[PDB]
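Enquirer: Before I ask anything, let me first share the structure, which is written out below as structure tokens.
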Ligand SMILES: CC(C)n1ccc2ncnc(N[C@H]3CC[C@H](N(C)C)CC3)c21
């Protein structure tokens, strides 16, 4: 299974869990730190009720032990002697940050965006084939390696027509039934639909200083002929073509069906994204 790391080894390779940003070991905020084990760069997540957090720690390791795939983040180890999770470092960060060009990275081309959408769908397919529900599909949870290969991340909420008293996930990406407490892989499809809109538009899922505030509402604007998908295509690309953009939008629109049973399954989503290219 997985190797244990001494808390002190992790402390020592993250410069005593140096909370200062890399620019000034903090990569994100528990808190994620950049570490170095031998000649390998790693991501160290230091977890921050206490009982609930230990359950999330145990659950995540359990999901990672079972779910190994090219389009899923790989867990390298853990520490429980304070809780830490050690992952393969993704040098190109999240899809959210690449879409926003955070820290001055160049915009992603339409070509790269198509590969990332296909890769992300492949990762979700592996999860659904293996009877797992992610529960928090979003662009911040799609990481990018050295070749911009999409890697589904954050299995802290992952579960193996069921209800819950503890509604979890990210509101701007959640399916109506998920907001009501239902647990289903059909909700992961809906959230993926929002990610596809982020890829087409380059816009965040929610923006308080925007009309509409929620990205998913652009589907209604397009359906009611108030706007076109053309109007919303990210202007930070030079290689997008109407045919493939409309093909990705058709997939996003199908994923975003309000009625869970009318949405395509992940295998259909993969097929449609393959046909697009
Ligand atoms: C699962 C996650 C902890 N993880 C696993 C491997 C890995 N490698 C690099 N970064 C990661 N997380 C970043 C958090 C901060 C994010 N922004 C700057 C806000 C960008 C992504 C990684």
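So for chain A, numbering is Swiss-Prot's, and the shown residues are 164-187, 190-194, 198-216, 222-254, 257-335, 342-458, in order.
Determined via X-ray crystallography, 2.4 Å.
Using N, Cα and C of the backbone, Cβ positions are placed for all residues, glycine too.
Feature table excerpt (Swiss-Prot):
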ACT_SITE  311  active site, proton acceptor
MOD_RES   342  phosphothreonine
MOD_RES   345  phosphothreonine
MOD_RES   346  phosphoserine
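Looking at the shown structure, can you explain where the listed features end up?
Expert: Every protein chain shown contributes to the tally, and the Cβ of residue 311 (active site, proton acceptor) ends up with 22 other Cβ atoms within 10 Å. In the three-state DSSP assignment, the secondary structure recorded for residue 311 (active site, proton acceptor) is coil.
Residue 342 (phosphothreonine) falls within neither a helix nor a strand when secondary structure is assigned with DSSP, and so counts as coil.
Just so you know, the Cβ of residue 345 (phosphothreonine) picks up 13 other Cβ atoms within 10 Å once every protein chain is counted.
Its Cβ taken as reference, residue 346 (phosphoserine) is surrounded by 5 other Cβ atoms within 10 Å in the chains shown.
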Enquirer: Report, as a single number, how many Cβ atoms besides its own are within 10 Å of the Cβ of residue 342 (phosphothreonine).
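Expert: Here the count is 8.
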Enquirer: Rounded to the nearest Å, what's the C-alpha distance separating residue 311 (active site, proton acceptor) and residue 345 (phosphothreonine)? Just drop the number here, would you?
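Expert: Counting only the Cα atoms, the answer is 15 Å.
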